[PDB]
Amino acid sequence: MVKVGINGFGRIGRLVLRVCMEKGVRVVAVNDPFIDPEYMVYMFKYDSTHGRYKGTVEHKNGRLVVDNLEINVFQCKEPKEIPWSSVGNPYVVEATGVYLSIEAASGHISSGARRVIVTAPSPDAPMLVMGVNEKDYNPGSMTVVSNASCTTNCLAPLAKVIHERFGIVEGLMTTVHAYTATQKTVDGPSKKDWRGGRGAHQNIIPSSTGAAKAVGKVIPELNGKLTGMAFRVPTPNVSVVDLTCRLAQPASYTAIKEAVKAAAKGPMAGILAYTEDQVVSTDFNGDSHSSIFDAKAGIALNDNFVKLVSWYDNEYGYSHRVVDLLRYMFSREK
């Protein structure tokens, strides 16, 4: 009986609502000052990437009505003004990308929210990647948490399995990443990231991440041993991490393959997946896992120097984990 409020009805927020419909998690309210009820219906009902919503979506008396379940629509600019109290004090999924600090996301707590999940890296909020460190959650001290990035949720479960089994002495990551809402259709203005304003569809665009450093936070033994970068490419969704690492203990590519399979089948089922098929990016469009290991795409130079490849639906896998984490948070209420 968790109740969720969603702040920001974008890619993550709309797809979070979808995974919640799919799991019977009650979303009580959505706040977005730039999308009204009528327009929420249209954006939720039709999706270019994930298809039409399978179910019904209407608007009634200023409410979003999804599969006959009424959802309140708010239109407030500031978290502290949103009537979370009027809809039963839910946990808020903070999906705007604008309130990322503990101080910023706490506005939701002022206005009646019980918990906040920031759906992105936070400068100060605790990161919690399911399968890796969700047990670090302290309900007694943390009312605002971060579910990290999509890339971090792909790298971390993989990086955990490999470090525990073989030891990562050092690693350099590249994620070849789909384009997102922050990019532009044709060359345009992006003051804080000049490359990221260049037309998304025409270009391979070198881009920054702190995803590999962030893994050092959620797995503290990997602190200072991973970094990386990104290339944004002309695909609408689904990304892939390319992890190049030195192992402490020598490991054949068969030993590595067996370790990952192990984790996938046992302790990281639903989070880490394993394939040996001749897959491509669209094969994980709509995939719920945080990280799908691609056994055949990788290459070893020797038993201590390997390049590992894992897939992730940066939208839908990441939404699934937001819903996983808030269910996990709710289970821990004292």
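The numbering used is simple: start at 1 and walk along the sequence shown.
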| query | finding |
| --- | --- |
| Residue range whose averaged C-alpha B-factor is higher in the record, 183-191 or 246-254 | 246-254 |
| 61-69 versus 275-283 - which carries the larger mean C-alpha B factor in the record | 61-69 |
| Criterion, highest CA B-factor; candidates, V240, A148, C76, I205 | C76 |
| Residue with highest C-alpha B-factor in the PDB entry, from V92, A263, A230, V233 | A263 |
| Lowest, middle or highest third - CA B-factor, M21 | highest |
| For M268, the third of its chain into which the C-alpha B factor falls | highest |
| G88 by Cα B-factor - lowest, middle or highest third of the modelled chain | middle |
| Cα B factor band for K135 (lowest, middle or highest third within the chain) | highest |
| Entry-reported Cα temperature factor of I102, expressed as the chain third it lands in | highest |
